[PDB]
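**Q** Let's see this in three dimensions:
(chains A and B, ligands or ions: 3)
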Amino acid sequence: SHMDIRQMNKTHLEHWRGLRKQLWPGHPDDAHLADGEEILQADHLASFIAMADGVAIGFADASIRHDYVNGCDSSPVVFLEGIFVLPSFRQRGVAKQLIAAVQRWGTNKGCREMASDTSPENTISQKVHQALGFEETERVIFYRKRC
Amino acid sequence: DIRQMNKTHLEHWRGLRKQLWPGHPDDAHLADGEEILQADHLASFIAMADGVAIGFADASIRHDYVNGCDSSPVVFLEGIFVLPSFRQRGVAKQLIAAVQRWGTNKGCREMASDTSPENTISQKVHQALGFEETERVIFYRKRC
Ligand SMILES: CC(C)(COP(=O)(O)OP(=O)(O)OC[C@H]1O[C@@H](n2cnc3c(N)ncnc32)[C@H](O)[C@@H]1OP(=O)(O)O)[C@@H](O)C(=O)NCCC(=O)/N=C\CSCCC(=O)NC[C@H]1O[C@H](O[C@H]2[C@H](O)[C@@H](O)[C@H](N)C[C@@H]2N)[C@H](N)[C@@H](O)[C@@H]1O
Ligand SMILES: CC(C)(COP(=O)(O)OP(=O)(O)OC[C@H]1O[C@@H](n2cnc3c(N)ncnc32)[C@H](O)[C@@H]1OP(=O)(O)O)[C@@H](O)C(=O)NCCC(=O)/N=C\CSCCC(=O)NC[C@H]1O[C@H](O[C@H]2[C@H](O)[C@@H](O)[C@H](N)C[C@@H]2N)[C@H](N)[C@@H](O)[C@@H]1O
Ligand code: NI
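**A** Numbering: from 1, shown residues only, chains lettered A, B, ... in the order given. Ligands and ions are numbered 1, 2, ... in the order given. Please find the structure below.
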């Protein structure tokens, strides 16, 4: 059936929250709500919903980042902040089309580079990133200290 | 003494920074210095001994997602290098303390950093200075 990638607006908020809670289970209930509203008002945040037959089968969150991005040489950068496709709809090209939409958005915003990161443990994600034309740039360990 | 970088430090800062990052074109350090001095959300700090720079830290105020962190903005240690001769004397500790104060003055509740999995010494350093490991990731890039 015909699939559409829709940039998320007020009308897709429930579709998006329903999927996001499956990518990140236990990511607090009030966070998803505030995140939704922020994204709709942003010019440096956009999310994209894969729709077919009137149901939402996957999503991607994207940003335009001005912070230094690991492995990139230019600024700003279009960044893949999250991506998830429902188990039953996987390996059908949903993520490919989601990422194409993120790229289109970032390109129209004047980004020269698209970036993403994933866990060294998530081998499917690594294969996916590489199939869709991403190259590995560097691996890093992050640290934090409370101020 | 640790001072915030200004126009007069640029040349000696560039000399140390090329040692941290030999890959960087020499074009870039020039540009990067101008950018830091122009930007409110960037600052660098220089450790001096007898008026010669022997260490530096580059820092930013980060407004985008930062791996391992839960608030925004974040003070981020973008780069730190101390001359081998001046190592293990607390120079890095003092540079990072200056970075942390700048970030607190910019309302950051978290300081973050990253390093190579092979850079074992830098890992001990973050550990020693009170940082905690958050996550390890692989970064990807696609040219648009
Ligand atoms: C990976 C998916 C999305 C692929 O979907 P698909 O539709 O099945 O793919 P396709 O389009 O059909 O396939 C594309 C290509 O890949 C190939 N492929 C697909 N599947 C496989 C396969 N199983 N094996 C081999 N090859 C495969 C396929 O052949 C295709 O080849 P080609 O282009 O046609 O030539 C899918 O399998 C899936 O949903 N899997 C489960 C979830 C998952 O792993 N998702 C994405 C992979 S990244 C992991 C989750 C994620 O997005 N995390 C984001 C970040 O989360 C966290 O950070 C967040 C933070 O938590 C938030 O609060 C902030 N707001 C933002 C911040 N970024 C962490 N701190 C970061 O470190 C994380 O990076
Ligand atoms: C690590 C140093 C700086 C420590 O200096 P010191 O003065 O000697 O330390 P100290 O103050 O004496 O010691 C403090 C504690 O550490 C302990 N310590 C010190 N030395 C050792 C030791 N050798 N063994 C064990 N313990 C040690 C010491 O005991 C102390 O503990 P305590 O207080 O006594 O309990 C020193 O050894 C040194 O200069 N080493 C060589 C350089 C080095 O490794 N530097 C930094 C390590 S990672 C920190 C951040 C950093 O610089 N990152 C570079 C990033 O660079 C790149 O990214 C850049 C990009 O390239 C740029 O273009 C962008 N503009 C910004 C962007 N961030 C990569 N893409 C990123 O992935 C990289 O992460
Ligand atoms: Ni259509």
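**Q** just the strands in chain A please.
**A** Taking DSSP state E as the criterion, chain A contains strands spanning A:3-7, A:45-52, A:55-65, A:77-85, A:113-118, A:135-146.
**Q** relative to strand A:3-7, how tilted is the second one?
**A** Put simply, strand A:45-52 runs at 160 degrees to strand A:3-7, going by axes from the mean of the first three to the mean of the last three Cα atoms, to 10 degrees.
**Q** In contact with residue A:101: list those residues for me.
**A** The neighbours of residue A:101, taking Cβ atoms under 8 Å, 6 or more residues apart in numbering or on different chains as the test, are A:5, A:7, A:48, A:60. C-betas here are computed from N, CA, C, even on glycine.
**Q** Most neighbours out of those, which is it?
**A** The residue in those with the most neighbours, by other Cβ atoms under 10 Å in any protein chain shown, is residue A:60 (29 neighbours).
**Q** and residue A:115, how far is that from residue B:139?
**A** Going from residue A:115 to residue B:139 by Cβ to Cβ, to the nearest Å gives 6 Å.
**Q** list the buried ones in the top helix by length along chain A?
**A** Identified as the longest helix of chain A according to DSSP state H is helix A:94-108. Of all the residues in helix A:94-108, those buried under the rule 16 or more other Cβ atoms under 10 Å in any protein chain shown are A:94, A:95, A:97, A:98, A:99, A:101, A:102, A:103, A:105, A:106.
**Q** Over to stretch A:23-35?
**A** Going through stretch A:23-35 with 16+ other Cβ under 10 Å, the ones that come out buried are A:32, A:35.
**Q** Now do that stretch: distance from first to last residue.
**A** 14 Å (Cα to Cα, to the nearest Å).
**Q** Residue A:83 contacts residue A:50, doesn't it?
**A** No: using Cβ atoms under 8 Å, residue A:83 and residue A:50 do not qualify as a contacting pair, with a distance of 10.2 Å.
**Q** Please identify which of these two sits among more neighbours.
**A** Shown here are residue A:83 and residue A:50; by other Cβ under 10 Å, residue A:50 has more neighbours (27 against 22).
**Q** show me the contacts for that one.
**A** Residue A:50 makes contacts with A:3, A:4, A:5, A:56, A:57, A:58, A:59, A:85, A:89, A:94, A:97, A:98, as judged by Cβ under 8 Å, 6+ apart.
**Q** and which of the residues you listed is nearest to chain B?
**A** Proximity of the contacts of residue A:50 to chain B was ranked by Cβ to the nearest Cβ; the top entry is residue A:98 with 13.7 Å.
**Q** surely that closest one meets residue A:6?
**A** No: with contact taken as Cβ under 8 Å, residue A:98 and residue A:6 are classed as non-touching, separated by 10.6 Å.
**Q** overlap in contacts of those two?
**A** With Cβ under 8 Å, 6+ apart applied, the overlap between the contact sets of residue A:98 and residue A:6 consists of residue A:48.
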